[PDB]
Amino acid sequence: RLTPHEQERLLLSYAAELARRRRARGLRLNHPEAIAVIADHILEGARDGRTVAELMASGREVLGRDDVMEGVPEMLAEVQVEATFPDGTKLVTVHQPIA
């Protein structure tokens, strides 16, 4: 159902699409944009059947220092997201996804 959690997931997903569009036209992403993009990589990766361990590593390869504004890699200590896997929902933590 469209629980507040489901709405929130779809919002984060569209926010990631929008942040990707911004980056693709040359902008460096700000902190919430970078979070959306990394979170969306996790969400979609889980939907593909990637494992938590795979996502913990690949979520660190999505954005680099060049992709985000000054200060963003330092402010983004980790991204934590509940993703849906084949074997249920799991919290995925990507540590230090940019630096």
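Numbers for residues come from their place in the sequence shown, where the first is 1.
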What stretch has the higher average Cα B-factor here, 83 to 91 or 17 to 25?
83 to 91
Ranking the modelled residues of this chain by C-alpha B-factor as given in the entry, is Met56 in the lowest, middle or highest third?
highest
Test of reading the entry: by CA B factor among the chain's modelled residues, which third contains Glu74?
highest
Rank-wise, by C-alpha B-factor, drop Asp66 into the lowest, middle or highest third of its chain.
middle
